[PDB]
Each structure stands twice: as structure tokens, then as C-alpha cells.
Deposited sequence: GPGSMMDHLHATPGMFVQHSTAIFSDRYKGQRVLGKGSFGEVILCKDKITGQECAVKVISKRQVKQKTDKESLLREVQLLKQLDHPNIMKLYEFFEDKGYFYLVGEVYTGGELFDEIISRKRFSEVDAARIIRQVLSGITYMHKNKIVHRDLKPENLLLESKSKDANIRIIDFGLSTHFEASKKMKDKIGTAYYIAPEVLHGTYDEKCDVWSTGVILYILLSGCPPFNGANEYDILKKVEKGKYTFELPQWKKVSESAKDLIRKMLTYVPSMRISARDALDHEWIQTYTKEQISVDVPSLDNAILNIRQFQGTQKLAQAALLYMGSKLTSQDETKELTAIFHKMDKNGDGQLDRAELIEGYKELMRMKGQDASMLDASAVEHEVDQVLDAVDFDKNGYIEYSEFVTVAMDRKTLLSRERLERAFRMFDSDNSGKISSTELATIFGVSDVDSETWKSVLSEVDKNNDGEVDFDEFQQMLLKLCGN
């Protein structure tokens, strides 16, 4: 009796999308314990190692315990998926909390960074390297002000090939250690990344920056950065010294996570100082830019997914309609939706037959439909897809409002440049699209215009 994931857990809702897959909030069917399950599709993510190697790693990770590292509880594998069952954390990304503060200082930075260093040190002792460490991988344990930081995804880079899709790689270039690019790397790459995160926490700007991904990688590969911005005047030599040691090019010369923990700056500023307002302002801008480019690409993706699935669902139902009537019953809509799921394999939310049944019922409950006298498939398809798109279009509007910090309703041509640079959409291409939406415009777009540009950039 091999164990099966859905015999034990039922999905409650989606928490979001991370590296390698979807994260679902799940519940144990017997104990009622809540857990965050990372679902990695074997069809979308290629393994780098053999099965042996990964199971060994999973066994080790289940035995490791540290207050700043996500806790893994269980592991399931079936034909199409791996299921990584872990502790649920409700505090969100670090940077999302930081932008909401009214005050931020070198003491707060230092408390953050020594939580990070402490989880890393621990993991390196057990010979586990993160490699893809960045702000998105730092969650707060709870919505409390005093909440601990938990590092997610320690261990996945060793076993899974990262996505080349830009919707997944957005914002990774700032943090990656030069030696990781060239291919010969060890645990010190995690110190580099942390050194970058500290630079951003104290100034609000990345030390290596650029108008697009490859521009950013060129800076990193040269390894040159400076403290020649005005806001570094507000920051102790001590912190700059730690940064220097963490951003040391040659790894053998770069400080270890453990020796970073014993550095003067950490010692001084994590004991019981000016607010860094410019830093917090730059971070609020940097964060907004990223989340808007991210949401742009996920909107484009959602629209493309939708077209794929509308045509597919329509063809499944046309075929299933042996009458030629355009009328299916509940049990068929379900059979068809399920067969969409067999063919795609994209919904972590539809983890079992019962998750599908309920989704169908939510759709039937939406349309003005007698549910126990059979339904017009055309209209079920419309409501079902919109429902899918909803999360992504609502998020787009929200990331747009949050980016528009002065509530002007508009974003300048200069701001778009930065947004499409980060989203790695060719410059000539988006200017060309901006020309065709509003052919009278004056280098600013509202939300409706911006959205039309995106629809045009994904083939519509």
C-alpha cells in the first residue's frame, strides 16, 4: 500500500505560485492539520538528478529543523507530480511587509539579515545550497510585527531545472552569484545573494542594475558596484564592510555565512539610529515595478491559457454531445472538465475528482441554470473560463493601482519603459503597440490602455 497524496490531503484553496509549481493550502482528512503543498508537474519541470538522489535529499530535509527554514513534513510522488507538503506561513513576502512600515532602520535590516544568515549557516552545515536565494524566498511566519523569517525552496535547485519562461525568472538576475553563471559554484553563492539583499535593504536599489535581464547579468558578471549614492551617507561603515565581504568576487575569498553572523555590524545592530526613509521609498518603487511586470506577464499567460482551454473544452463538449443539441447534463460537463484536466495537467486546485465536481457546481450556480435539467455547453464554457481569468485581471488592476502611487490614474512612457524592460518585452515592439492603441497619445496610459497593450502583445 504505497501512500497517495489525495487519500490524505484535500485542497482548500490556492496560496499562489512559486518556483517550480503551484502552492495549495491543504488539509489532512483525518487530523484537520493545515499544510502548504508545493505541486511540481513532471511535464513542466525537468529533473537534473536520478530518483535515488532526490529521495535521499527529501529524507534529509524532513529531519532538518531550524526556526528560519521552511519545515517539510511529507513527500508524495505519482505519475505526473511531486507533492511537497510543508508548514503553512501566512505573513507573505518580506518586502511586501517592509514597504508597509512607517519606519525602517539598520537595526531592522540587521535583524532580518541575521535570521537569513542563521538559516543559511544551518543548511550549509548539512551541505544544502540554495542557489536561487532572493526576496521572494523570504516569507514571514505570520502577519505579526515580530514575525520570524522562513526561507523557502532550500534544496530544489539541485534537483529541478529552473524555468526559462520570463514569467518565472523575473527578478532573479539581481541576486545570482557570478560563479553560478559560469557553472562552478559552491555554498558561498548564498552569501553573495544575501549580500545583495542587504544592499537593497539599506539603499533601496540593487547593486547590479540594468534596463533588462541580460544588461543585469553583465553587471553581475563584472562584479562592480559602488556606495556612491546619497543614501549610503546615512549608513555605518560597519554595514558597508560586511557588504564588501559578502560581495567578494572570488568565492574562496568571500566570507562564510557563519563568519558573517559574527561580523561587527551584526553584533552591534542586533543588540538592544536614523530611519532610512529614502531606502524605504526606493524599495517601495522597486517592489511595485517588479510586481507590475510580474502581473503583466501572468495576465498575458492567463489570456493565452484561456484561448487554449476554451477551444479545447468546446471541442471536448461538441464531441460528447452525441445528440447534436448543444445540451449536456452535470455528469458530462464533469467528465469533460476532467478530460480537459487529463490532457492539460495545469490545475493544482483540481487535485482530485471531488475538487472538479465542486468547481462545476460553482459554475452552474453562477449561470442562471436549472442544474438538474441539462445545460447549454456553450454558456458553461464562457463562465468557466472568465472565472479562471478573474484572479489574473483583478491582480493586474491591483498591481497597476499599487504602482500608480500618486493616484494620477496614468503611467508615463518612462515608467512603461522600465516595466517592459523588466518583463523583457522588446522596446520597438511595445512602442509599436502603444502607437496603435491610442494613436494620439502623449506618452502616458491609463489602466484600460495599458491592458489593451498587453492583449495586443499576446496576439489579440
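- The deposited sequence has C-alpha coordinates everywhere except the stretches 1 to 19, 292 to 296.
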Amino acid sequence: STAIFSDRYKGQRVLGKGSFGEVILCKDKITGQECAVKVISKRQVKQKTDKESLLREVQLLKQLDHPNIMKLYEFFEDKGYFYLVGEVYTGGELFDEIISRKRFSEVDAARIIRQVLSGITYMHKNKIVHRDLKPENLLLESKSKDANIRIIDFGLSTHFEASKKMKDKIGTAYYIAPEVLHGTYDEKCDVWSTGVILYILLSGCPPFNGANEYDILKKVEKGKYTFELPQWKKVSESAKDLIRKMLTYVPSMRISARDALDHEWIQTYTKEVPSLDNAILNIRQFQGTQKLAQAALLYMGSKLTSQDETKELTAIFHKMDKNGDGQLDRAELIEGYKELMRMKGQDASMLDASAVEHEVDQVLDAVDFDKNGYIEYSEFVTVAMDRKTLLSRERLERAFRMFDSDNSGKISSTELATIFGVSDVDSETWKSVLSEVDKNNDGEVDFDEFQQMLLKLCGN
From here on, numbers count along this sequence of modelled residues.
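If you superpose the two forms and keep the largest set of C-alpha atoms that fall within 1.5 Å, you have the rigid core.
- Relative to the displayed structure, the C-alphas of 286 to 294 lie farther away on average in 9 other deposited structures of this protein than those of the other candidate, with 286 to 294 and 197 to 205 compared after rigid core superposition.
- After superposition on the rigid core, the larger root-mean-square Cα deviation in 9 other deposited structures of this protein belongs to 444 to 452, not to the other of 16 to 24 and 444 to 452.
- Among the other PDB entries of this protein that were compared and that flank it with modelled residues, residue 223 is modelled in all, so it is never left out in a third of them.
- Residue 103 is built in all of the other entries compared, counting only those with both neighbours built, so it is not a gap in a third.
- Note on 322 to 330 vs 300 to 308: mean CA B-factor is higher in 322 to 330.
- In this crystal structure, the stretch out of 28 to 36 and 47 to 55 whose C-alpha atoms carry the higher mean B factor is 47 to 55.
- Sorting 221, 376, 153, 187 by the CA temperature factor given in the entry leaves 376 at the top.
- The top Cα temperature factor in the record, among 347, 215, 132, 77, falls on 347.
- Ranked by Cα temperature factor within the chain, residue 253 sits in the lowest third according to the deposited record.
- Residue 72 sits in the lowest third of its chain by CA B factor, as recorded in the PDB entry.
- Remark: residue 263 belongs to the middle third of its chain, ranked by C-alpha B-factor as recorded.
- Placement of the Cα temperature factor of residue 449 within the chain: lowest third of the modelled residues, per the deposited record.
- Ranked by Cα temperature factor within the chain, residue 393 sits in the highest third according to the deposited record.
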